[PDB]
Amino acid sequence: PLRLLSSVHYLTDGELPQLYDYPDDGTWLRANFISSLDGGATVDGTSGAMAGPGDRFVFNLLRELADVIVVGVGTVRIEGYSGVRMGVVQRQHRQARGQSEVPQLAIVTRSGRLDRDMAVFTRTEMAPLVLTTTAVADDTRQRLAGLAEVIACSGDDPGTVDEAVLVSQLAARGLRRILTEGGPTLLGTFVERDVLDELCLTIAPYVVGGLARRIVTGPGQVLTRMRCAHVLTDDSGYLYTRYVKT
């Protein structure tokens, strides 16, 4: 029943994006996270310490393929969260794929409490989207006029975000190829409401002890079965995996 894996195939620079192709139609919510061997998501608050050149490469490539990046407000506040920086060649490939110069950025909040002076608003080329509830949308739209387009993503309850609606709200705006990179609360909701189509997980060859939290936090408890689509590796021992529901 058991089969041993090993490096069978070197990936040319055009084969690697075909592995991470989005579906030709429909909407698709992809998660990219990185994790240690013992399920540690962070090393002293950062996740950048476990990320080597390999992971970074896949990380930027995934950004290059996305119409939009969804991020929770907690992650966006953290020390050195930039605006999405597309290099000159990345912008080229995106144009050849008919996408815009840079992927759009969507910030999720239930509270609507974002500042006019946040890092995310200030040095991003293009004005980010704010995904929040019906309850707070209008006041948030006012408080951030000229910084962000504020979009209500409530379903049946005006006091919260319905994650399936969030996703549909993005598709509505031609932003059907979605990517999320954190934080663990947002991913938590995406998993609990079962709207996560695909998980891209980097397994860093480290153990970090028991202090770090997982790539997912929250009260949720589910058993979502996924299919292994591929596993990649480099000389440093990392595993770059792709899993699809169901």
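Numbering starts at 1 and runs along the sequence shown. Take the two forms, find the largest set of C-alpha atoms that superpose within 1.5 Å, and that set is the rigid core.
Core-fitted comparison in 6 other deposited structures of this protein shows that, between 60 to 68 and 46 to 54, the CA atoms farther from the shown form belong to 46 to 54. Where the other entries of this protein model the residues before and after it, residue 155 is kept in all of them rather than dropped from a third. Residue-level annotation: residue 117 has coordinates in all of the other entries compared, counting only those that model residues on either side of it, so it never reaches the one-third mark. Once the C-alpha B-factors are averaged per stretch, 10 to 18 and 218 to 226 rank with 10 to 18 first. Stretches compared: 36 to 44, 65 to 73. Higher mean C-alpha B-factor in the entry: 36 to 44.
As recorded in the PDB entry, 26 shows the highest C-alpha B-factor of the residues 26, 205, 209, 52.
The residue among 166, 150, 172, 96 whose C-alpha atom has the highest B-factor in the PDB entry is 96. Per-chain ranking of the deposited C-alpha B factor places residue 132 in the lowest third.
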